[PDB]
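> Would you mind keeping the following structure in view while I ask a few things?
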Amino acid sequence: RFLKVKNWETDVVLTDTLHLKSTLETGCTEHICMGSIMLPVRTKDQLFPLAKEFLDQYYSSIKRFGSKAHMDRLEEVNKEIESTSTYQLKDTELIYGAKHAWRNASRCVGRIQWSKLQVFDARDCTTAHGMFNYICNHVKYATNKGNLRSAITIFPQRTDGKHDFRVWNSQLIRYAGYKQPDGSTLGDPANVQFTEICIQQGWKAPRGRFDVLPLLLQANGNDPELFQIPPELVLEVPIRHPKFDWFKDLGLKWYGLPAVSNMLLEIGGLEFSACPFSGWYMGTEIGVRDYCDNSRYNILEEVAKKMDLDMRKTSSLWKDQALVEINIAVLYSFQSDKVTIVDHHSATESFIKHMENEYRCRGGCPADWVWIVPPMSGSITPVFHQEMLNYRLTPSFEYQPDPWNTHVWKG
Amino acid sequence: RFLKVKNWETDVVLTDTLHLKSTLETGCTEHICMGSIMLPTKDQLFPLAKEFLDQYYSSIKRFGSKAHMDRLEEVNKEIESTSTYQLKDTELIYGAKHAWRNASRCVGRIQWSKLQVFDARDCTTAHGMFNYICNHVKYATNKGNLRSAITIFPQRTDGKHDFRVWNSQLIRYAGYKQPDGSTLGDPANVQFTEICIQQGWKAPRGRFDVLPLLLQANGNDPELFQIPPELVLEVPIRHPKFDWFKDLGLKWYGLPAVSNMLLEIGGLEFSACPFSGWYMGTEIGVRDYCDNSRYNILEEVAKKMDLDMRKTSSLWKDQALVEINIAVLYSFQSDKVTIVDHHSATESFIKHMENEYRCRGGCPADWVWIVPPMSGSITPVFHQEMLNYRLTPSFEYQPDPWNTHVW
Ligand code: HEM
Ligand code: HEM
Ligand SMILES: COc1ccccc1CNCCO[C@@H]1CNC[C@@H]1Cc1cc(C)cc(N)n1
Ligand SMILES: COc1ccccc1CNCCO[C@@H]1CNC[C@@H]1Cc1cc(C)cc(N)n1
Ligand SMILES: C[C@H](O)[C@H](O)[C@H]1CNc2nc(N)[nH]c(=O)c2N1
Ligand SMILES: C[C@H](O)[C@H](O)[C@H]1CNc2nc(N)[nH]c(=O)c2N1
Ligand SMILES: [Zn+2]
């Protein structure tokens, strides 16, 4: 079967055949679409099919499908599974796997970059201190003094589900949040619960508006341990505005390195529960979401006050007006400091070119519209007008429960 | 089978039970989500009739009463005897209000129960359709104090005698391809404008010419009518700060009025059912004015503001966008023509969802359509999980008549 997507701005029609390789389910049915829902220990029996699919894909990509090397590798994995109940990926398979998980990430607008990913194999890691060292090297490498490089670090896979490696931080670099007795929050309200855990674990909190959180690292199912990332390794950008000189006095800054650390990488049926990955920011992630969500830094009011906008009626579009100025400031600040960042116009345009390329060469590009369209100025970006098909390919990045809900404390 | 929706801003969780009565299909499967696709006889009719009359009699607290049973029998008799049936006025009013209540792509549904229904089922000619439409236009406009309305022409019979308004909206501006090469007026209406011209319309060939209505009665060939200009309320667009804004020479009409959809009530199909309310500002300022394939005025406005257009990252598009949208709202407000901004409209819709969850057990919503085309995440609907499903009565899309009609 063939499925068609139209672009309503250009009349370009694309044909998707790749959806036919989709195994995992969406959450939708013929009766309900769950396309805006945020979140919609294996047997030998289930594992060999999953290994086999993956290795067929791997061997096709290198143009070795059906070769003796392909067949030997199948038999070798077959045997390893029946005997040890799991298997180990070759380095080449791990790299390929990690790239394809990003390639297949339908909520990611940055996928034009998927083939340039530095993969750090941390499968020889055994302790939290070992994880810290690996994560430091990743941060240093990825930061590269502001000239950001995409990377992922991959810690040992799940075995019995009792020995999981986890990074408890949701991102490697984030700011603490502190709930005050008066109900207000200092710092980032998204991070209050995790900040509370860090404190209970013995972190001494500076208690400011931009305190970089310590890493909380679990190796081998053991209790997590605290580590402070060396501050010289944490690149930060002070936010100022090109025409508004009062903007710097808001006291705003952000970190340069977006690095997601709470997801699970599935490759060939294996589950990598700690696989922090990083790229570079699209401006709106900071300027729209981090700064202007009501449940985050929520600075729209204070900015609009300072701009002397008419604030008595929403219909002045004061919020929209302040929103644009903050986003200009974020992009200006990163650019002035020579820290890589991409605006939403440039990122969405590139994504459209990527998606079209993917249709021609791969027969599809799964994409989640709800996530791909930027959170400001949606319809003046070319993706708004682009029909998309969302479906699940493996290898993949998946969500997993927060570890403080599942972890068996050892004491 | 009982489903949760969460708001990620407020942590409020709602439980949806209403989806279990969804009848029509979505386009999605367990394997593939089609959430972002624009367009994804005797025997069939009685189930549909029963389903509808059952909900109707439940709504007036008379489910299972003799008056309920007697109507079901009467309708059964009529279908068996005549191959179709006729709705009572009360059923028609209820069906129309509910097609709107069920419209998952409509952010304005807090208003659903205040809908003026004009019963045009006695209409027989295109001139009759024109009279009914002028009256609708004048009632809804109400000197700028807009009132929601729908006018319902006769239902489909054998499908060879369809009533249709050929216009996509009652009030739209013409579009002409130029010797230049570009496009004068609204590029969306170029083809419809050609059909008008080929059927006799004398076009003034300007940027903002109100198109004529093209009306089809009883499956006959459509006929042209100009709407009395005095009934088409229009707004010149100016900015509260930028004096030069007026010089672009922009105007828009006050009455949004969709006229190409099909109303389905209890299995009956009303192929001509123009309806109208009032605008959310972004529909005009973001979509009509700024879509590349529309009036596409971003480039010209940015220039008048003297912004740096060398690089996308100065956000000159975003800056100009907000101003265009401030101007729309300001101009409608100054001329006392009802309009709603996207902040107010999305806030009301969140309130409406909560009402519908509390009183009905759900509210079908299409997030892709409900979230405004500018400033998405600073409106509360961005953070609201929504379940999309199809309930009946409904407004449905239908093919453009020029592709179906034989002359
Ligand atoms: C190269 C620069 C990149 C840019 C500009 C970019 C852009 C983005 C943005 C804007 C989001 C949405 C985040 C949100 O709204 O919460 C996202 C999501 C995501 N991206 Fe990227 N991306 C980049 C690199 C990467 C890399 C290197 C990977 C993995 C190797 C990746 C995988 C993902 C995944 C799995 C998500 C979904 C996250 C979630 O569901 O919470 N991206 N991307
Ligand atoms: C009272 C003020 C109203 C407001 C502010 C409003 C708001 C909107 C908006 C912004 C859209 C999306 C339009 C687009 O982006 O193309 C829409 C769509 C829609 N509305 Fe409303 N609405 C109103 C009244 C009505 C009424 C009176 C009806 C029917 C009786 C209705 C039924 C629909 C339907 C069926 C759609 C989807 C149109 C399509 O699929 O192309 N709405 N509404
Ligand atoms: C309450 O939050 C949630 C809950 C469930 C699922 C997803 C989320 C939100 N997404 C979490 C990850 O997204 C963060 C937001 N900004 C940076 C990061 C995404 C990202 C990753 C990378 C590698 C690059 C980039 N530019 N952006
Ligand atoms: C190119 O456009 C399309 C093509 C196919 C399907 C749907 C669409 C989009 N809908 C077309 C009709 O919608 C128009 C857009 N602005 C006004 C009207 C929607 C509307 C209706 C009503 C009753 C009120 C309101 N405020 N807005
Ligand atoms: C409920 C809704 O799905 C949710 O708010 C989504 C919408 N789109 C998004 N898009 C991105 N890129 N990131 C997000 O966190 C969200 N949140
Ligand atoms: C392809 C995509 O579905 C299309 O551009 C949609 C997106 N959301 C929309 N939302 C509204 N309200 N109106 C529209 O016309 C569209 N267009
Ligand atoms: Zn779906």
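Starting from 1 in every chain, residues are counted up; chains themselves are A, B, ... following the order of the structure tokens, and ligands are numbered from 1 as listed.
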Would you give me, as CSV, each residue of chain B having an atom within 8 Å of an atom of chain A, along with its shortest atom pair and that distance in Å to one decimal, using only C-alpha atoms and sorting by chain and residue number?

residue,atom,partner,partner_atom,distance
B:5,CA,A:37,CA,7.4
B:9,CA,A:295,CA,5.9
B:10,CA,A:295,CA,8.0
B:19,CA,A:32,CA,7.4
B:22,CA,A:31,CA,6.6
B:23,CA,A:31,CA,7.5
B:24,CA,A:31,CA,7.1
B:25,CA,A:30,CA,5.2
B:26,CA,A:30,CA,5.3
B:27,CA,A:30,CA,6.2
B:28,CA,A:30,CA,5.3
B:29,CA,A:29,CA,4.7
B:30,CA,A:25,CA,5.0
B:31,CA,A:25,CA,5.0
B:32,CA,A:391,CA,4.9
B:33,CA,A:390,CA,5.1
B:34,CA,A:389,CA,5.8
B:35,CA,A:35,CA,5.7
B:36,CA,A:387,CA,5.6
B:37,CA,A:387,CA,5.4
B:38,CA,A:387,CA,7.5
B:286,CA,A:379,CA,7.4
B:287,CA,A:379,CA,7.4
B:290,CA,A:380,CA,7.2
B:291,CA,A:380,CA,6.7
B:292,CA,A:9,CA,6.9
B:293,CA,A:9,CA,5.8
B:312,CA,A:345,CA,6.4
B:313,CA,A:343,CA,5.6
B:314,CA,A:328,CA,6.1
B:315,CA,A:328,CA,6.3
B:317,CA,A:380,CA,7.7
B:318,CA,A:377,CA,6.3
B:319,CA,A:324,CA,6.4
B:321,CA,A:377,CA,7.9
B:322,CA,A:321,CA,6.4
B:325,CA,A:317,CA,8.0
B:326,CA,A:316,CA,6.2
B:329,CA,A:315,CA,6.8
B:330,CA,A:316,CA,7.9
B:341,CA,A:315,CA,5.7
B:343,CA,A:314,CA,6.5
B:344,CA,A:314,CA,7.2
B:367,CA,A:36,CA,6.3
B:368,CA,A:370,CA,6.6
B:373,CA,A:379,CA,5.0
B:374,CA,A:377,CA,4.1
B:375,CA,A:376,CA,4.0
B:376,CA,A:375,CA,5.0
B:377,CA,A:375,CA,5.0
B:378,CA,A:293,CA,6.5
B:385,CA,A:37,CA,5.3
B:386,CA,A:36,CA,6.1
B:387,CA,A:34,CA,5.7
B:388,CA,A:33,CA,5.2
B:389,CA,A:32,CA,5.0
B:390,CA,A:31,CA,7.7
> Could you list, with a cut-off of 7 Å and counting only C-alpha atoms and all ligand atoms, the residues of chain A near ligand 1, each shown with its nearest atom pair and the distance in Å rounded to one decimal, rows sorted by chain and ascending number, as JSON lines?

{"residue": "A:98", "atom": "CA", "partner": "ligand 1", "partner_atom_place_in_ligand_line": "30 (C)", "distance": 6.8}
{"residue": "A:99", "atom": "CA", "partner": "ligand 1", "partner_atom_place_in_ligand_line": "30 (C)", "distance": 6.6}
{"residue": "A:102", "atom": "CA", "partner": "ligand 1", "partner_atom_place_in_ligand_line": "29 (C)", "distance": 4.7}
{"residue": "A:105", "atom": "CA", "partner": "ligand 1", "partner_atom_place_in_ligand_line": "35 (C)", "distance": 5.3}
{"residue": "A:107", "atom": "CA", "partner": "ligand 1", "partner_atom_place_in_ligand_line": "37 (C)", "distance": 5.0}
{"residue": "A:108", "atom": "CA", "partner": "ligand 1", "partner_atom_place_in_ligand_line": "43 (N)", "distance": 3.8}
{"residue": "A:109", "atom": "CA", "partner": "ligand 1", "partner_atom_place_in_ligand_line": "7 (C)", "distance": 4.9}
{"residue": "A:110", "atom": "CA", "partner": "ligand 1", "partner_atom_place_in_ligand_line": "6 (C)", "distance": 3.8}
{"residue": "A:111", "atom": "CA", "partner": "ligand 1", "partner_atom_place_in_ligand_line": "22 (N)", "distance": 6.5}
{"residue": "A:113", "atom": "CA", "partner": "ligand 1", "partner_atom_place_in_ligand_line": "1 (C)", "distance": 5.7}
{"residue": "A:114", "atom": "CA", "partner": "ligand 1", "partner_atom_place_in_ligand_line": "27 (C)", "distance": 6.9}
{"residue": "A:117", "atom": "CA", "partner": "ligand 1", "partner_atom_place_in_ligand_line": "27 (C)", "distance": 6.4}
{"residue": "A:150", "atom": "CA", "partner": "ligand 1", "partner_atom_place_in_ligand_line": "27 (C)", "distance": 4.9}
{"residue": "A:151", "atom": "CA", "partner": "ligand 1", "partner_atom_place_in_ligand_line": "27 (C)", "distance": 5.9}
{"residue": "A:152", "atom": "CA", "partner": "ligand 1", "partner_atom_place_in_ligand_line": "30 (C)", "distance": 6.0}
{"residue": "A:277", "atom": "CA", "partner": "ligand 1", "partner_atom_place_in_ligand_line": "30 (C)", "distance": 5.2}
{"residue": "A:278", "atom": "CA", "partner": "ligand 1", "partner_atom_place_in_ligand_line": "27 (C)", "distance": 5.0}
{"residue": "A:279", "atom": "CA", "partner": "ligand 1", "partner_atom_place_in_ligand_line": "2 (C)", "distance": 4.0}
{"residue": "A:280", "atom": "CA", "partner": "ligand 1", "partner_atom_place_in_ligand_line": "2 (C)", "distance": 4.3}
{"residue": "A:281", "atom": "CA", "partner": "ligand 1", "partner_atom_place_in_ligand_line": "5 (C)", "distance": 5.0}
{"residue": "A:282", "atom": "CA", "partner": "ligand 1", "partner_atom_place_in_ligand_line": "5 (C)", "distance": 4.8}
{"residue": "A:285", "atom": "CA", "partner": "ligand 1", "partner_atom_place_in_ligand_line": "10 (C)", "distance": 6.1}
{"residue": "A:342", "atom": "CA", "partner": "ligand 1", "partner_atom_place_in_ligand_line": "5 (C)", "distance": 6.4}
{"residue": "A:347", "atom": "CA", "partner": "ligand 1", "partner_atom_place_in_ligand_line": "5 (C)", "distance": 6.7}
{"residue": "A:371", "atom": "CA", "partner": "ligand 1", "partner_atom_place_in_ligand_line": "12 (C)", "distance": 6.5}
{"residue": "A:397", "atom": "CA", "partner": "ligand 1", "partner_atom_place_in_ligand_line": "35 (C)", "distance": 5.2}
> Save the residues we just selected, C-alpha atoms, as a JSON list (two decimals), in the first residue's frame?

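As written to disk, part.json reads:
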[["chain", "number", "residue", "atom", "x", "y", "z"],
["A", 98, "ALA", "CA", 21.98, 4.93, 17.52],
["A", 99, "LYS", "CA", 21.93, 6.95, 14.28],
["A", 102, "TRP", "CA", 17.54, 9.50, 15.85],
["A", 105, "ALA", "CA", 12.53, 9.98, 16.08],
["A", 107, "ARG", "CA", 9.08, 14.30, 17.33],
["A", 108, "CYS", "CA", 12.55, 15.71, 16.23],
["A", 109, "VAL", "CA", 12.77, 18.57, 13.78],
["A", 110, "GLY", "CA", 16.58, 18.39, 13.77],
["A", 111, "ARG", "CA", 16.87, 15.11, 11.88],
["A", 113, "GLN", "CA", 21.71, 16.02, 11.03],
["A", 114, "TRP", "CA", 21.04, 12.31, 11.85],
["A", 117, "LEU", "CA", 26.39, 11.76, 15.48],
["A", 150, "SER", "CA", 25.90, 16.05, 18.32],
["A", 151, "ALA", "CA", 26.77, 13.07, 20.48],
["A", 152, "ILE", "CA", 25.32, 10.20, 22.43],
["A", 277, "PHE", "CA", 22.28, 12.39, 23.76],
["A", 278, "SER", "CA", 22.86, 16.02, 22.83],
["A", 279, "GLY", "CA", 22.67, 18.39, 19.90],
["A", 280, "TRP", "CA", 22.18, 22.16, 19.76],
["A", 281, "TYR", "CA", 19.16, 24.34, 20.61],
["A", 282, "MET", "CA", 16.44, 25.71, 18.40],
["A", 285, "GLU", "CA", 12.92, 25.83, 23.11],
["A", 342, "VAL", "CA", 19.23, 27.59, 14.99],
["A", 347, "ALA", "CA", 15.23, 24.62, 11.35],
["A", 371, "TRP", "CA", 5.75, 18.37, 18.00],
["A", 397, "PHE", "CA", 14.11, 6.29, 21.48]]
> Kindly provide, as a ChimeraX atom specification, all nucleotide and amino acid residues lying within 6 Å of ligand 2, counting only C-alpha atoms and all ligand atoms.
/B:100,103,105-108,111,148-150,275-280,395
> Go ahead and write the selection's residues with N, CA, C and O atoms as a JSON list (two decimals), in the first residue's frame.

[["chain", "number", "residue", "atom", "x", "y", "z"],
["B", 100, "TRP", "N", -22.65, 21.44, 15.32],
["B", 100, "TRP", "CA", -21.67, 22.45, 15.78],
["B", 100, "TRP", "C", -20.99, 21.99, 17.06],
["B", 100, "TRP", "O", -19.78, 22.06, 17.17],
["B", 103, "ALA", "N", -18.29, 19.55, 16.18],
["B", 103, "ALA", "CA", -17.26, 19.99, 15.27],
["B", 103, "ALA", "C", -15.88, 20.03, 15.95],
["B", 103, "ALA", "O", -15.51, 21.03, 16.61],
["B", 105, "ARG", "N", -12.87, 20.45, 15.03],
["B", 105, "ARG", "CA", -11.93, 21.45, 14.56],
["B", 105, "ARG", "C", -12.32, 22.88, 14.90],
["B", 105, "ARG", "O", -11.62, 23.80, 14.47],
["B", 106, "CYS", "N", -13.40, 23.09, 15.66],
["B", 106, "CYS", "CA", -13.89, 24.43, 15.93],
["B", 106, "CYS", "C", -13.60, 24.86, 17.34],
["B", 106, "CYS", "O", -14.11, 24.26, 18.30],
["B", 107, "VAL", "N", -12.79, 25.92, 17.48],
["B", 107, "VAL", "CA", -12.44, 26.47, 18.78],
["B", 107, "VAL", "C", -13.57, 27.27, 19.44],
["B", 107, "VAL", "O", -13.54, 27.54, 20.67],
["B", 108, "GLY", "N", -14.56, 27.68, 18.64],
["B", 108, "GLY", "CA", -15.60, 28.58, 19.15],
["B", 108, "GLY", "C", -16.82, 27.91, 19.78],
["B", 108, "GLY", "O", -17.86, 28.53, 19.95],
["B", 111, "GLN", "N", -20.08, 28.53, 22.26],
["B", 111, "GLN", "CA", -21.25, 29.25, 21.78],
["B", 111, "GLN", "C", -22.33, 28.32, 21.20],
["B", 111, "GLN", "O", -23.41, 28.77, 20.80],
["B", 148, "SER", "N", -24.52, 34.17, 15.60],
["B", 148, "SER", "CA", -24.36, 32.89, 14.89],
["B", 148, "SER", "C", -25.65, 32.45, 14.24],
["B", 148, "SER", "O", -26.74, 32.63, 14.84],
["B", 149, "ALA", "N", -25.53, 31.89, 13.03],
["B", 149, "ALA", "CA", -26.67, 31.44, 12.24],
["B", 149, "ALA", "C", -26.31, 30.34, 11.25],
["B", 149, "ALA", "O", -25.17, 30.21, 10.81],
["B", 150, "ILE", "N", -27.32, 29.54, 10.90],
["B", 150, "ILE", "CA", -27.21, 28.60, 9.82],
["B", 150, "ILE", "C", -28.52, 28.63, 9.06],
["B", 150, "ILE", "O", -29.58, 28.84, 9.66],
["B", 275, "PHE", "N", -23.28, 28.40, 7.20],
["B", 275, "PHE", "CA", -23.30, 28.84, 8.62],
["B", 275, "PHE", "C", -22.25, 29.89, 8.89],
["B", 275, "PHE", "O", -21.25, 29.95, 8.18],
["B", 276, "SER", "N", -22.45, 30.70, 9.92],
["B", 276, "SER", "CA", -21.57, 31.82, 10.17],
["B", 276, "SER", "C", -21.47, 32.13, 11.67],
["B", 276, "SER", "O", -22.39, 31.86, 12.43],
["B", 277, "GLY", "N", -20.34, 32.70, 12.09],
["B", 277, "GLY", "CA", -20.26, 33.23, 13.45],
["B", 277, "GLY", "C", -19.54, 34.56, 13.43],
["B", 277, "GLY", "O", -19.95, 35.52, 12.80],
["B", 278, "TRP", "N", -18.42, 34.61, 14.12],
["B", 278, "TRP", "CA", -17.55, 35.77, 14.06],
["B", 278, "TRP", "C", -16.10, 35.30, 14.16],
["B", 278, "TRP", "O", -15.82, 34.21, 14.65],
["B", 279, "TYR", "N", -15.21, 36.15, 13.67],
["B", 279, "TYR", "CA", -13.82, 35.79, 13.46],
["B", 279, "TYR", "C", -13.00, 35.70, 14.73],
["B", 279, "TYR", "O", -13.25, 36.40, 15.70],
["B", 280, "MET", "N", -12.02, 34.81, 14.71],
["B", 280, "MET", "CA", -10.88, 34.93, 15.61],
["B", 280, "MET", "C", -9.85, 35.69, 14.79],
["B", 280, "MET", "O", -9.67, 35.39, 13.61],
["B", 395, "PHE", "N", -20.88, 18.23, 10.65],
["B", 395, "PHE", "CA", -20.55, 18.86, 9.39],
["B", 395, "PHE", "C", -19.45, 18.07, 8.74],
["B", 395, "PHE", "O", -18.44, 17.76, 9.35]]
> Select from segment 6-200 of chain B everything DSSP, run on the backbone, classes as helix (DSSP H, G or I), then give the selection as JSON, numbers by chain.
{"B": [18, 19, 20, 21, 42, 43, 44, 45, 46, 47, 48, 49, 50, 51, 52, 53, 54, 55, 56, 57, 58, 59, 66, 67, 68, 69, 70, 71, 72, 73, 74, 75, 76, 77, 78, 79, 80, 81, 82, 89, 90, 91, 92, 93, 94, 95, 96, 97, 98, 99, 100, 101, 109, 110, 111, 126, 127, 128, 129, 130, 131, 132, 133, 134, 135, 136, 137, 138, 139, 140, 141, 142, 143, 144, 187, 188, 189, 190, 191, 192, 193, 194, 195, 196, 197, 198]}
> Quick check, in Å to one decimal: how far apart do atom CA of residue 202 of chain A and atom CA of residue 238 of chain A lie?
29.0 Å
> Report as an NGL selection string all protein, DNA and RNA residues lying within 6 Å of residue 166 of chain A, evaluated on only C-alpha atoms, omitting residues in the same chain fewer than 3 positions from it.
:A and (218 or 273-274)
> For those residues, write C-alpha atoms to a file as a PDB file, in the first residue's frame.

ATOM      1  CA  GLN A 218      22.754   4.755  38.864  1.00  0.00           C
ATOM      2  CA  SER A 273      18.165   2.559  29.660  1.00  0.00           C
ATOM      3  CA  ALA A 274      20.977   5.167  29.971  1.00  0.00           C
TER       4      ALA A 274
END
> Which is closest to ligand 4 among A:223, A:45, A:11, A:182, if we use only C-alpha atoms and all ligand atoms?
A:11
> Could you check the closest approach to ligand 3 for each of A:134, A:291, A:272, A:165 and tell me which residue wins, using only C-alpha atoms and all ligand atoms?
A:291
> So, counting only C-alpha atoms, which residue among B:175, B:229, B:64, B:206 is closest to residue 138 of chain B?
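Once distances to residue 138 of chain B are computed over only C-alpha atoms, the minimum belongs to B:229.
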> With the cut-off set at 12 Å and counting only C-alpha atoms and all ligand atoms, tabulate each residue of chain B with an atom at most that distance from an atom of ligand 3, showing the nearest atom pair and its distance in Å to one decimal, ordered by chain and increasing number, as JSON lines.

{"residue": "B:6", "atom": "CA", "partner": "ligand 3", "partner_atom_place_in_ligand_line": "4 (C)", "distance": 11.5}
{"residue": "B:7", "atom": "CA", "partner": "ligand 3", "partner_atom_place_in_ligand_line": "1 (C)", "distance": 10.7}
{"residue": "B:8", "atom": "CA", "partner": "ligand 3", "partner_atom_place_in_ligand_line": "1 (C)", "distance": 7.1}
{"residue": "B:9", "atom": "CA", "partner": "ligand 3", "partner_atom_place_in_ligand_line": "1 (C)", "distance": 9.1}
{"residue": "B:10", "atom": "CA", "partner": "ligand 3", "partner_atom_place_in_ligand_line": "1 (C)", "distance": 11.6}
{"residue": "B:11", "atom": "CA", "partner": "ligand 3", "partner_atom_place_in_ligand_line": "1 (C)", "distance": 10.6}
{"residue": "B:383", "atom": "CA", "partner": "ligand 3", "partner_atom_place_in_ligand_line": "1 (C)", "distance": 10.1}
> Out of B:47, B:266, B:380, B:281, which residue has the shortest atom-to-atom distance to ligand 6 when counting only C-alpha atoms and all ligand atoms?
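Between B:47, B:266, B:380, B:281, the residue approaching ligand 6 most closely is B:281.
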